[PDB]
Amino acid sequence: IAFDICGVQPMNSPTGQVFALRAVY
Amino acid sequence: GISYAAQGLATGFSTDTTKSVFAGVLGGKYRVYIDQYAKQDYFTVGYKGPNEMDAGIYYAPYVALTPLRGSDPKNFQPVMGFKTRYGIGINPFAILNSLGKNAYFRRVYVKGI
Amino acid sequence: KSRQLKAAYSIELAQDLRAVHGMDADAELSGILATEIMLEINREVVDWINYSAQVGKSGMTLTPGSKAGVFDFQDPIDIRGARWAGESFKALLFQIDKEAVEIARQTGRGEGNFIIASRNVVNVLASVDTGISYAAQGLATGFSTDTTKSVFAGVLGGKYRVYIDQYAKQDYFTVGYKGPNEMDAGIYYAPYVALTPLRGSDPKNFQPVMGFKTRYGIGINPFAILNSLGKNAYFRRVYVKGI
Amino acid sequence: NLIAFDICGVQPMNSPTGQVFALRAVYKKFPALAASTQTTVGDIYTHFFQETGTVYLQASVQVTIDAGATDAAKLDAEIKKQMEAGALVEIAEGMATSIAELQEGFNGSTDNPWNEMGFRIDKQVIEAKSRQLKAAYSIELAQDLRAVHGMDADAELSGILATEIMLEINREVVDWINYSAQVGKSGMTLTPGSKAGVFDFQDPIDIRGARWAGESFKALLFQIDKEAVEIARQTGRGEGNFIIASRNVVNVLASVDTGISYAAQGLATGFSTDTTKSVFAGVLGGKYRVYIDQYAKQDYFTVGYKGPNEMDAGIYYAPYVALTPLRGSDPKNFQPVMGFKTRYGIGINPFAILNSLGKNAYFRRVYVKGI
């Protein structure tokens, strides 16, 4: 439930990685 | 309806307190949850897009509620427990590069309550 | 007499070995454990040989100008005036022939049939008799396709089957005799139980435990372990120096 | 081209970061040999000589060692005499082994030492590190290679680059091995007159009494074996299985042991039909698969171990992407774009990059002089 306000992209292995749609700044 | 009182709970003399959920929606705008372990008094406002990649924070569960079992012959007592594995992430914003740096969230200490 | 080993391993690692590369995880650990307990038994057999073997390059096997028990590759007496390693290495095999004879004499059963030796010595002995000591070029060809380093290299001079002691302590070789009769070894290993599996967990966190236990017992020619330390006529132990 | 990483665990990735596994290892008190001592055959006694420390001698003979030798000088003379006479025979670590075996056997008990395989078994996270090159060729060159020779122009450039990027990757693999390899000709692999980590072909001590290059070459091989032995000891997995070395060293090996490294004289005879110098030259002693480092900086050899298990290597390489082509042209002058990019990632048994430099149990690096 911890992630109801987070991205999850659950992994099928540790390490494992996620993507983030970061602005260029 | 920012925080659901659950009068039925009170009415029935604490039938099921369900203290594991979002309280409700503040102003019809913010889904709000109680930090049950807050150290003092504060609030944090955050953004979450429909695309999980637009959360600015990630939780990526791999393992959950793996039971532990057995017994410890030294006192011959039962072994029971639980393990999970998940991992977190924060949008880079450049943990060293995340402390007090996250554009998706703002936190304020609150006094006078 | 028994020996026992455990896996004592992490849950998460077992999970990842399977999840990441399709590895059989704990099954592989089991293979390691079976290997390790067998290697330890094997190491023990060698330790007993090197416990009980009589001191070699002694008595009937001494050169008058020798150093009593040590074959020094830099010593002109031991190497019989040899020129370079080529001749010197051969001089060692000659001392081995001398040890083999003393064994023959005392045992009354015939000269030494096999050798147990250190990596240094084996590499030396493998430098003579061309292809006799299995270098395992086929394994090298396949890039250590299956190392199998639990075997005898081969037969030196066509006479001594030579094995490498993976656990060699310093630098030595021991020449020993073995007849076709199981009663003609002078040393015995008589397995009763082998590779009995272990199954359990560490209660602090329920992490798994696997492993193996064996029972085999050992023996000697009576020789009269009170009567074996430095007394076993079937073997002669020589210290090696200078490699 | 060929794969340097044929001697690495591979465990290929399907995602960078991304991980590999490795089989990481866990990591004389004899009463006295002195005046009046009556030794008894087979047992072991300790004597400290006035000169050159101690010896441990095992009796071959039951004998009283000069009960009147209360003067250590007399005693040394008598003990030496008994050794010279063959009554007492010297062994050092083997005695330590023997006393332990005696004590362990005699007092053996089940108690609670269930032992364990001496292995932690571990893992590393590795990124699919990239390497990339541009063909960077001109139109005019292409026009004339086609017009003059009937050549396929950029096709040749493409083949060269693909070869070069793979070669550079192989060069990197070798440098990582040399980086992590422990110093050789050190500790267990030293000789009394040694120069600490270097083999000098002109030095009688290093070359073990060898006559000229012919035998010094073989003496190098002896030092190689010493390194291989040390690797087996420290790894707990096995003898070095392969050699990576400089051109000088490879020529040293090719010049000895009849047929270990090959000239591949068919290629030479045919006028360099394909030099293929990305393949192990052959096998030293029938034991060590040997390869040439095209980029060796000075002169050196490295001995390393590789098991049959992909987890047993010290060095791991897990390819993700290979030879992704480039294409196009820059309109400012329209010169063409072509080339290649790869992604692979490496891992090194942790031995605790920072913890692999000069620390890797699987490899030993020795500097070479005198060739």
# chains A, B, ... in the order shown; residues from 1 in each chain; ligands from 1
>>> select_by_dssp(residues="segment 92-126 of chain C", states="helix (DSSP H, G or I)", output="PyMOL selection string")
chain C and resi 92-107+119-125
>>> interface_residues(of="chain A", to="chain B", cutoff="8 Å", atoms="only C-alpha atoms", output="NGL selection string")
:A and (1 or 3 or 5-14 or 18-22)
>>> residues_around(residues="segment 359-366 of chain D", least_positions_apart="6", cutoff="8 Å", atoms="only C-alpha atoms", output="PDB file with N, CA and C atoms, in the first residue's frame")
ATOM      1  N   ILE D 177      41.971  -7.508 -16.095  1.00  0.00           N
ATOM      2  CA  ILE D 177      42.601  -8.626 -15.457  1.00  0.00           C
ATOM      3  C   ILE D 177      43.929  -8.216 -14.862  1.00  0.00           C
ATOM      4  N   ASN D 178      44.749  -7.506 -15.621  1.00  0.00           N
ATOM      5  CA  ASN D 178      46.046  -7.116 -15.108  1.00  0.00           C
ATOM      6  C   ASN D 178      45.928  -6.197 -13.902  1.00  0.00           C
ATOM      7  N   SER D 180      43.385  -6.183 -11.665  1.00  0.00           N
ATOM      8  CA  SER D 180      43.013  -6.900 -10.484  1.00  0.00           C
ATOM      9  C   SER D 180      43.996  -7.986 -10.064  1.00  0.00           C
ATOM     10  N   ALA D 181      44.826  -8.475 -10.981  1.00  0.00           N
ATOM     11  CA  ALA D 181      45.752  -9.547 -10.638  1.00  0.00           C
ATOM     12  C   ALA D 181      46.654  -9.165  -9.496  1.00  0.00           C
ATOM     13  N   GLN D 182      46.946 -10.130  -8.635  1.00  0.00           N
ATOM     14  CA  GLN D 182      47.813  -9.891  -7.505  1.00  0.00           C
ATOM     15  C   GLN D 182      49.243  -9.889  -7.973  1.00  0.00           C
ATOM     16  N   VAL D 183      50.108  -9.286  -7.189  1.00  0.00           N
ATOM     17  CA  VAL D 183      51.507  -9.292  -7.547  1.00  0.00           C
ATOM     18  C   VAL D 183      52.042 -10.721  -7.495  1.00  0.00           C
ATOM     19  N   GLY D 184      52.682 -11.172  -8.571  1.00  0.00           N
ATOM     20  CA  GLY D 184      53.244 -12.512  -8.584  1.00  0.00           C
ATOM     21  C   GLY D 184      54.680 -12.463  -8.120  1.00  0.00           C
ATOM     22  N   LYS D 185      55.365 -13.606  -8.153  1.00  0.00           N
ATOM     23  CA  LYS D 185      56.748 -13.751  -7.735  1.00  0.00           C
ATOM     24  C   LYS D 185      56.928 -12.997  -6.433  1.00  0.00           C
ATOM     25  N   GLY D 197      58.851  -9.941  -7.613  1.00  0.00           N
ATOM     26  CA  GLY D 197      57.871  -9.651  -8.652  1.00  0.00           C
ATOM     27  C   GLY D 197      58.337  -9.523 -10.089  1.00  0.00           C
ATOM     28  N   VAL D 198      59.618  -9.740 -10.328  1.00  0.00           N
ATOM     29  CA  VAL D 198      60.188  -9.650 -11.663  1.00  0.00           C
ATOM     30  C   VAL D 198      61.062 -10.838 -12.026  1.00  0.00           C
ATOM     31  N   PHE D 199      60.912 -11.339 -13.247  1.00  0.00           N
ATOM     32  CA  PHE D 199      61.749 -12.436 -13.740  1.00  0.00           C
ATOM     33  C   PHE D 199      62.776 -11.924 -14.738  1.00  0.00           C
ATOM     34  N   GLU D 227      53.606 -19.528 -10.122  1.00  0.00           N
ATOM     35  CA  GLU D 227      52.432 -18.623 -10.040  1.00  0.00           C
ATOM     36  C   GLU D 227      51.154 -19.457 -10.073  1.00  0.00           C
ATOM     37  N   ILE D 231      48.134 -19.570  -7.327  1.00  0.00           N
ATOM     38  CA  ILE D 231      46.755 -19.302  -7.653  1.00  0.00           C
ATOM     39  C   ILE D 231      45.904 -20.426  -7.103  1.00  0.00           C
ATOM     40  N   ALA D 232      46.292 -21.674  -7.325  1.00  0.00           N
ATOM     41  CA  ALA D 232      45.459 -22.736  -6.781  1.00  0.00           C
ATOM     42  C   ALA D 232      45.302 -22.619  -5.286  1.00  0.00           C
ATOM     43  N   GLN D 234      45.587 -19.893  -3.234  1.00  0.00           N
ATOM     44  CA  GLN D 234      44.805 -18.739  -2.829  1.00  0.00           C
ATOM     45  C   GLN D 234      43.359 -18.791  -3.289  1.00  0.00           C
ATOM     46  N   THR D 235      43.093 -19.349  -4.462  1.00  0.00           N
ATOM     47  CA  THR D 235      41.715 -19.417  -4.924  1.00  0.00           C
ATOM     48  C   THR D 235      40.943 -20.510  -4.241  1.00  0.00           C
ATOM     49  N   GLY D 240      46.332 -22.191 -12.099  1.00  0.00           N
ATOM     50  CA  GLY D 240      46.138 -21.307 -13.225  1.00  0.00           C
ATOM     51  C   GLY D 240      45.970 -22.169 -14.478  1.00  0.00           C
ATOM     52  N   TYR D 300      55.548  -8.559 -19.666  1.00  0.00           N
ATOM     53  CA  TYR D 300      55.003  -9.145 -18.429  1.00  0.00           C
ATOM     54  C   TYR D 300      54.247 -10.407 -18.769  1.00  0.00           C
ATOM     55  N   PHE D 301      53.949 -11.187 -17.743  1.00  0.00           N
ATOM     56  CA  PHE D 301      53.008 -12.270 -17.976  1.00  0.00           C
ATOM     57  C   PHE D 301      52.057 -12.342 -16.799  1.00  0.00           C
ATOM     58  N   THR D 302      50.843 -12.802 -17.072  1.00  0.00           N
ATOM     59  CA  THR D 302      49.854 -13.039 -16.044  1.00  0.00           C
ATOM     60  C   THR D 302      49.334 -14.449 -16.130  1.00  0.00           C
ATOM     61  N   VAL D 303      49.320 -15.118 -15.002  1.00  0.00           N
ATOM     62  CA  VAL D 303      48.810 -16.468 -14.946  1.00  0.00           C
ATOM     63  C   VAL D 303      47.465 -16.398 -14.277  1.00  0.00           C
ATOM     64  N   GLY D 304      46.464 -17.057 -14.843  1.00  0.00           N
ATOM     65  CA  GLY D 304      45.149 -17.023 -14.227  1.00  0.00           C
ATOM     66  C   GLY D 304      44.412 -18.350 -14.237  1.00  0.00           C
ATOM     67  N   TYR D 305      43.425 -18.472 -13.343  1.00  0.00           N
ATOM     68  CA  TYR D 305      42.540 -19.642 -13.197  1.00  0.00           C
ATOM     69  C   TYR D 305      41.131 -19.390 -13.693  1.00  0.00           C
ATOM     70  N   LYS D 306      40.543 -20.412 -14.305  1.00  0.00           N
ATOM     71  CA  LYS D 306      39.165 -20.415 -14.768  1.00  0.00           C
ATOM     72  C   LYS D 306      38.542 -21.779 -14.538  1.00  0.00           C
ATOM     73  N   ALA D 313      35.561 -17.693 -11.856  1.00  0.00           N
ATOM     74  CA  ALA D 313      36.448 -17.095 -12.831  1.00  0.00           C
ATOM     75  C   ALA D 313      37.256 -15.945 -12.289  1.00  0.00           C
ATOM     76  N   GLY D 314      36.782 -15.318 -11.230  1.00  0.00           N
ATOM     77  CA  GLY D 314      37.423 -14.087 -10.777  1.00  0.00           C
ATOM     78  C   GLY D 314      36.905 -12.938 -11.632  1.00  0.00           C
ATOM     79  N   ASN D 349      35.220 -10.731  -8.868  1.00  0.00           N
ATOM     80  CA  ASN D 349      34.999 -11.250  -7.531  1.00  0.00           C
ATOM     81  C   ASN D 349      35.434 -10.171  -6.554  1.00  0.00           C
ATOM     82  N   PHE D 351      36.617  -9.869  -3.468  1.00  0.00           N
ATOM     83  CA  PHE D 351      37.883 -10.009  -2.671  1.00  0.00           C
ATOM     84  C   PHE D 351      38.089  -8.997  -1.521  1.00  0.00           C
TER      85      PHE D 351
END
>>> interface_residues(of="chain D", to="chain C", cutoff="7 Å", atoms="only C-alpha atoms", output="PDB file with C-alpha atoms, in the first residue's frame")
ATOM      1  CA  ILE D   7      38.197 -17.126 -20.177  1.00  0.00           C
ATOM      2  CA  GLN D  11      26.343 -14.973 -17.386  1.00  0.00           C
ATOM      3  CA  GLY D  42      59.336 -42.414  14.178  1.00  0.00           C
ATOM      4  CA  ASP D  43      58.783 -39.658  16.682  1.00  0.00           C
ATOM      5  CA  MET D  83      71.499 -36.013  11.543  1.00  0.00           C
ATOM      6  CA  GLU D  84      74.643 -36.626   9.452  1.00  0.00           C
ATOM      7  CA  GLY D  86      70.872 -40.441   9.431  1.00  0.00           C
ATOM      8  CA  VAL D  89      65.854 -36.696   9.668  1.00  0.00           C
ATOM      9  CA  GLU D  90      64.619 -33.098   9.028  1.00  0.00           C
ATOM     10  CA  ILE D  91      61.111 -32.034   7.890  1.00  0.00           C
ATOM     11  CA  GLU D  93      55.871 -27.992   8.069  1.00  0.00           C
ATOM     12  CA  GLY D  94      55.162 -31.635   7.706  1.00  0.00           C
ATOM     13  CA  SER D  98      51.888 -34.442  11.972  1.00  0.00           C
ATOM     14  CA  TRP D 114      29.941 -29.082  12.034  1.00  0.00           C
ATOM     15  CA  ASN D 115      32.231 -27.621   9.359  1.00  0.00           C
ATOM     16  CA  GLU D 116      31.286 -25.909   6.177  1.00  0.00           C
ATOM     17  CA  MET D 117      32.350 -25.700   2.592  1.00  0.00           C
ATOM     18  CA  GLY D 209      71.028 -22.187 -13.376  1.00  0.00           C
ATOM     19  CA  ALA D 210      69.854 -22.157 -16.997  1.00  0.00           C
ATOM     20  CA  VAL D 229      50.429 -23.101  -7.858  1.00  0.00           C
ATOM     21  CA  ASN D 241      44.619 -22.521 -16.520  1.00  0.00           C
ATOM     22  CA  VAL D 283      48.625 -24.424 -24.462  1.00  0.00           C
ATOM     23  CA  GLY D 285      52.751 -27.712 -20.809  1.00  0.00           C
ATOM     24  CA  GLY D 286      49.468 -28.966 -22.178  1.00  0.00           C
ATOM     25  CA  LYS D 287      48.089 -27.055 -19.147  1.00  0.00           C
ATOM     26  CA  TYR D 288      47.881 -23.271 -19.694  1.00  0.00           C
ATOM     27  CA  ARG D 289      45.877 -21.885 -22.579  1.00  0.00           C
ATOM     28  CA  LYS D 306      39.165 -20.415 -14.768  1.00  0.00           C
ATOM     29  CA  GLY D 307      36.747 -23.107 -13.661  1.00  0.00           C
ATOM     30  CA  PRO D 308      34.052 -24.974 -15.694  1.00  0.00           C
TER      31      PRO D 308
END
>>> closest_atom_pairs(of="chain B", to="chain C", cutoff="8 Å", atoms="only C-alpha atoms", output="Markdown table")
| residue | atom | partner | partner_atom | distance |
| --- | --- | --- | --- | --- |
| B:68 | CA | C:206 | CA | 5.6 |
| B:69 | CA | C:206 | CA | 5.9 |
| B:70 | CA | C:203 | CA | 5.8 |
| B:71 | CA | C:203 | CA | 5.9 |
| B:72 | CA | C:203 | CA | 5.5 |
| B:79 | CA | C:203 | CA | 6.2 |
| B:81 | CA | C:205 | CA | 7.9 |
>>> write_last_selection(atoms="C-alpha atoms", output="PDB file, in the first residue's frame")
ATOM      1  CA  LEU B  68      10.183 -17.608   8.479  1.00  0.00           C
ATOM      2  CA  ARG B  69       9.712 -20.815  10.471  1.00  0.00           C
ATOM      3  CA  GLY B  70      11.407 -23.350  12.738  1.00  0.00           C
ATOM      4  CA  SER B  71      12.313 -23.588  16.396  1.00  0.00           C
ATOM      5  CA  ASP B  72      15.363 -22.592  18.498  1.00  0.00           C
ATOM      6  CA  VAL B  79      10.545 -19.307  14.834  1.00  0.00           C
ATOM      7  CA  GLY B  81       8.817 -14.016  10.934  1.00  0.00           C
TER       8      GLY B  81
END
>>> select_by_dssp(residues="segment 2-45 of chain C", states="strand (DSSP E)", output="list in words")
residues 2, 3, 4, 5 and 6 of chain C
>>> residues_around(residues="residue 348 of chain D", least_positions_apart="4", cutoff="8 Å", atoms="only C-alpha atoms", output="mmCIF file with C-alpha atoms, in the first residue's frame")
data_model
loop_
_atom_site.group_PDB
_atom_site.id
_atom_site.type_symbol
_atom_site.label_atom_id
_atom_site.label_comp_id
_atom_site.auth_asym_id
_atom_site.auth_seq_id
_atom_site.Cartn_x
_atom_site.Cartn_y
_atom_site.Cartn_z
ATOM 1 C CA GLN D 124 27.788 -8.334 -8.157
ATOM 2 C CA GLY D 314 37.423 -14.087 -10.777
ATOM 3 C CA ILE D 315 36.676 -12.070 -13.930
ATOM 4 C CA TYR D 316 33.134 -12.056 -15.321
ATOM 5 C CA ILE D 353 37.172 -2.458 -8.523
ATOM 6 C CA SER D 356 40.004 -5.920 -6.882
#
>>> residues_around(residues="residue 164 of chain C", least_positions_apart="2", cutoff="8 Å", atoms="only C-alpha atoms", output="PyMOL selection string")
chain C and resi 116-119+122+151-153+162+166
>>> residues_around(residues="residue 30 of chain B", least_positions_apart="3", cutoff="9 Å", atoms="only C-alpha atoms", output="number ranges by chain")
B: 2, 24-27, 45-46
>>> write_last_selection(atoms="N, CA and C atoms", output="short mmCIF file (atom, residue, chain, number, x, y, z; two decimals), in the first residue's frame")
data_model
loop_
_atom_site.label_atom_id
_atom_site.label_comp_id
_atom_site.auth_asym_id
_atom_site.auth_seq_id
_atom_site.Cartn_x
_atom_site.Cartn_y
_atom_site.Cartn_z
N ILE B 2 -12.11 14.53 3.83
CA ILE B 2 -10.65 14.53 3.76
C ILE B 2 -10.14 13.38 4.59
N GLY B 24 -8.44 10.07 3.22
CA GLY B 24 -9.46 10.57 2.28
C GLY B 24 -8.88 11.59 1.32
N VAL B 25 -9.73 12.49 0.77
CA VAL B 25 -9.21 13.46 -0.21
C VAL B 25 -9.44 14.92 0.20
N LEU B 26 -8.36 15.64 0.40
CA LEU B 26 -8.38 16.98 0.93
C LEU B 26 -8.75 18.00 -0.10
N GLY B 27 -9.88 18.64 0.12
CA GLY B 27 -10.39 19.67 -0.77
C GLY B 27 -10.88 19.05 -2.07
N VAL B 45 3.69 17.61 0.73
CA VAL B 45 2.82 17.59 -0.43
C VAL B 45 3.60 16.99 -1.57
N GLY B 46 3.01 16.04 -2.29
CA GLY B 46 3.72 15.44 -3.41
C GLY B 46 2.88 15.26 -4.67
#
>>> interface_residues(of="chain D", to="chain A", cutoff="12 Å", atoms="only C-alpha atoms", output="list in words")
residues 13, 14, 15, 16, 17, 18, 19, 20, 123, 124, 125, 126 and 127 of chain D
>>> atom_distance(atom1="atom CA of residue 134 of chain D", atom2="atom CA of residue 342 of chain D")
12.2 Å
>>> residues_around(residues="residue 140 of chain D", least_positions_apart="5", cutoff="12 Å", atoms="only C-alpha atoms", output="NGL selection string")
:D and (145-148 or 153-154 or 333-336)
